[PDB]
Amino acid sequence: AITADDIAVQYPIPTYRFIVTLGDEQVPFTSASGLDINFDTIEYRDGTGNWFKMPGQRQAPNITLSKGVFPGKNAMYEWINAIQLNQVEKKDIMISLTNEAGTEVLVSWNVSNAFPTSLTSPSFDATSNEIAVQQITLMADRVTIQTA
Amino acid sequence: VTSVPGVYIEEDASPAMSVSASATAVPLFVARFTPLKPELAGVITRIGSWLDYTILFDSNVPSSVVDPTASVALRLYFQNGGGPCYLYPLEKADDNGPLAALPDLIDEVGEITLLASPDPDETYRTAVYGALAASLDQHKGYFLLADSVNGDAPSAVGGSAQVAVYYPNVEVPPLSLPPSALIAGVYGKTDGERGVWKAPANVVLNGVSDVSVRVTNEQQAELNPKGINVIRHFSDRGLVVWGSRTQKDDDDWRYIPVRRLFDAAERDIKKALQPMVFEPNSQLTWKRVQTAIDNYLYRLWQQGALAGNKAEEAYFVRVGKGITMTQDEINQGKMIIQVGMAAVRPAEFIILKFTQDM
Amino acid sequence: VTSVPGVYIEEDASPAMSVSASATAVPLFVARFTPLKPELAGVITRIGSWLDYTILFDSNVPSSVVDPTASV
Amino acid sequence: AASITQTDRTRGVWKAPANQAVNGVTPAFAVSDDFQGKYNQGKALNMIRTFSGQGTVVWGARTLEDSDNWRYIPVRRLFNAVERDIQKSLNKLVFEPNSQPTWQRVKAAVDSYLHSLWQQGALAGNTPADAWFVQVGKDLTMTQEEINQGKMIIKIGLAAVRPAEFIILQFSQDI
Amino acid sequence: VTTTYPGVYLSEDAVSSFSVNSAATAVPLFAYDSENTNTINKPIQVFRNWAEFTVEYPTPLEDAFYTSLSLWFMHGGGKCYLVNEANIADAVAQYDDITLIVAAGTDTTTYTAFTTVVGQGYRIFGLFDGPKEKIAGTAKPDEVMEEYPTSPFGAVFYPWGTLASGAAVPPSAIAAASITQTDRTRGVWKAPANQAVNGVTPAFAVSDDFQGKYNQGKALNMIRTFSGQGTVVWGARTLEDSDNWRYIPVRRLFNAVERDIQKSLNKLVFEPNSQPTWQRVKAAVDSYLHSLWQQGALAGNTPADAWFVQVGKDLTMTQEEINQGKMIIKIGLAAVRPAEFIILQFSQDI
């Protein structure tokens, strides 16, 4: 007698349902990792015995997205190919834990200014049964969490 | 007036207000609410959020030395923990017509738990507290939040266990409000975060700045062995509700969280056994009813509501034909169930006893 | 005398004493113990801790060259 | 209009166009302090004066409305820059389905804009809670009768920085 | 000045300014006389800094409440209360923040309301006054100290001040301004004696042989001037000469501990009176007393000799007391006593 409207309030959310809004378009991905919030630590000790522990400045997140290779055009390729020595169309990423149908966002992770730093092609092997999966890494500046 | 499919801009909006969800604190504010469309003048309406109040009721109501305070009291309700918030607009006090028809309209709506009439007039509340006093001892599960005037019970509800009085009027930037609209908010905040078995008596009141009377310890020492439940001011914290006693001086029903635990458990068992009405009155049905109560009381014990260590020390459910009934009582179509529970009482006195000998 | 639901402060308390649990050493001290309530004058009473001694028996018992030594 | 250009490039739209020196032009008349003191209230003539040092700046930053909200040409042009740049970003979310995933994507496109605007000094608060708020809901800012009409109601509040207009020096011969 | 044009203004009016450098353990109540003519008729009023005080009193007066507050705010000083002498027992019970009762030239009405709030237990410390006339020296020192209480919550501080504008500062305010500078830099467990209060001089000169008659018993606590540490208060004893509650440091140390523990344990009131709550109480005290011990306030070079906290089901309270709602802790902790006498013994032998 849990009456599943109470499951939507009280039970934890699984990981296998997520949408990725990449800039102004939604792109289907398989994995999404590295959306951390990390700080440095500043310490100070004197001779009397006082230890002072402080949070430092937060460093940049390194975000890994991976999807499969499809017969159309490679949208992750034309965004990493258009680099001119420091110039890149920086995009904002949203990764939202989603309802089963896709009509509710439960908890989402916002990424402010992401740009690609790597794009690894799949390893071709004649004795394998796998999908060609590209794996892109992104450099950002902050990760925030909105909960609704 | 939106016709162009672009994006529109307004510049003097008011900030919206959030509402929570709760099932154990649903109040019925009886105050001077002014409707916009006059069909909801003598009935009870559900106000799911503050946005629902601004559409159905007039939320500005410009003053004339009198000041409208019914719309201010609901904004302090949703700032302190909202709810479905039923309203009954009752304009003047002495109309004994709508006050006589009030307890019959409360029973038609299924889900009122708290009463808590938020009005600054003194004789207005006495007419409301006297009209609602006969419905508190009828096992319906209501709980009145009365307000003291100068440090005593309002005497329409003397010593019933369904009443919690709250003394100091609370001032808003300065109009003075009775605190029942705010305490009805902090019940829904406490029950959502801690449960009904937790004493609602360390919540800092949002919104408001200062009480009308700063109450000392020595006058609370003659008030707290009654149910007066003073709103105190602490310098580091602000305005803290301070006291969790009812009007009943019995050892059983002394505290608010012990009383509202039994009112909430009886309400949820009643909602669970109504599918088992008009079933065949046989021994197969009596075991289906015993298990439905035993499953409910087990999941109160394992979330900390009941004071036990074994789950046979927390509760018991008994039903049978030799036990709790006679054969003449089955034949007239009723089943009789004995349910018992054991609640835990809060720690309200801490004695420190310092020394410097060792 | 506690009536206000706050926190109370006293300043000349004595330090409390801990008690252990054992089943093989349970003694019967026969000495000059002075009760407070006189029903436990000729019977044997159980004293589970030092706090139980201070409630049932007089633990101060001011001296007069004789000195009370049963509470010590 | 030429002091607004040099202010918006170097200092931003939230800074007053007053002490920027426009070049190649001189005022036709000389204006004293006691003349401007009659006009600084109400409808605000906003003098153009010359100074030895910062030469020929505009002197005054008030609007035609003397209210606590919409005094000070900085805090009016600040919101006009915010109101235009948010609606330039939300025009790409028009004709999306009026649903709760879209409302989350709207209010995070605004929080990303207002955070980068706050960290470059435009907003007044040393925390994001005192600098801006954005909220949208199904019974927060709009009702179901308004969802069915196609309306998406946000409400955004944000605090601006007011300039220092009067500097009072109090001299004394006591130490 | 009246602001019209957006330029830079120049004025040469007589102004003054003092910066707040307050300490949290010193929030005083300045009592003034009921028979006063130049006060606002508000019985209780709150002053947060020197700027708010000169709004309500825009001209320099000479009366004893003005010179007490002007000497308060020029040594830091935070929020403080002007309460008339017939209402100081109410203001302590209402405003929850008061740590000091400073009798600013007030006697025999503050005294009978001091002993009210002490017997009620409000954790305050009183700062009384000596006589305004000169004590002769044939004075019979028990006859001088007979108007004062015998409580361990007060001290007297005899010699009156003669502030540089000519006015007379009550000597409670000289003691109250050395408490502020002591509690900020050195702490509440250090004596307020050798702190130099500025801008005030004692009206009289006091020798060592005069103070030697008064250092026992009820402890006048002289205010003396020295070449070097100029115009300090000299003496740190209370009105009770016992082995426990001598020494104003070790009384104000426990009042700071008793208030800060009950500020932390008010958030644990109305919790269920059970054994998990008792563990959460005694660890909220051990965390407070450990950080207090490691900043030098407690006397012991181990936590076992510095404090103990204990609570149990048959340690500090019984089952009859659990059912009443009572939670009995007992805490013991040791304080540091100051060095009051330095004896030099010279000789011509090596």
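Below, chains carry the letters A, B, ... as their sequence lines are ordered, and counting in each starts from 1.
Looking at E:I261, the atoms closer than 4.5 Å to chain B (heavy atoms on both sides) all sit in the side chain, from C-beta outward. In this structure, chain B has heavy atoms under 4.5 Å from both the backbone and the side chain of E:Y95. Contact annotation for B:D357: only backbone heavy atoms (N, CA, C, O) come within less than 4.5 Å of a heavy atom of chain E. Only the backbone of E:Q324 has a heavy atom closer than 4.5 Å to any heavy atom of chain B. Heavy atoms of B:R237 lying under 4.5 Å from chain E belong exclusively to its side chain.
For E:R48, the CZ atom sits in a loose shell: 12 or fewer heavy atoms of surrounding residues, nucleotides or ligands are nearer than 6.0 Å. Within 6.0 Å of CG in B:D236 there are more than 12 heavy atoms belonging to other residues, nucleotides or ligands. Counted within 6.0 Å of CG on B:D250, heavy atoms from surrounding residues, nucleotides or ligands total more than 12; the atom is thus considered enclosed. The local environment of CD in E:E320 is sparse, with at most 12 non-hydrogen atoms from other residues, nucleotides or ligands closer than 6.0 Å. Heavy-atom contacts from other residues, nucleotides or ligands closer than 6.0 Å to CZ of E:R186 number 12 or fewer. The environment of NZ in B:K248 is sparse: at most 12 heavy-atom neighbours from other residues, nucleotides or ligands sit within 6.0 Å.
With B:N202 contributing its side chain and E:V269 its backbone, the two residues share a donor-acceptor pair below 3.5 Å.
Pairing each heavy atom of E:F270 with each of B:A201, the nearest pair is CD1-O, 3.3 Å. Here the closest heavy-atom approach between residue E:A93 and residue B:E218 is recorded as CB-OE1, 4.2 Å. Minimum heavy-atom separation, B:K198 to E:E271: CE-OE2, 3.7 Å.
Atom OG1 of B:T216 and atom OH of E:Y122 lie 5.5 Å apart (nearest 0.5 Å). If you take CG on E:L333 and CD on B:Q356, they are separated by 7.5 Å, rounding to the nearest 0.5 Å. In this structure, CD in B:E348 is found 11.0 Å from CE in E:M327, a value given to the nearest 0.5 Å. Note: B:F234 CZ to E:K267 NZ = 10.5 Å, rounded to the nearest 0.5 Å. In this structure, E:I329 CD1 and B:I351 CD1 are separated by 9.0 Å, a value rounded to the nearest 0.5 Å.
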### Candidate pair B:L352 and E:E258, rule side-chain contact (heavy atoms from CB on, under 4.5 Å), full reasoning
CA-CA 9 Å; B:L352 288 179; E:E258 286 168 351; 5.9 Å; no
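Chain B forms the most heavy-atom pairs under 4.5 Å with one residue out of E:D305, E:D96, E:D90, and that residue is E:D96. With chain B as the partner, the residue from E:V281, E:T316, E:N244, E:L265 showing the most heavy-atom pairs under 4.5 Å is E:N244. Between chain E and the options B:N217, B:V215, B:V240, the largest number of non-hydrogen pairs under 4.5 Å is found for B:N217.
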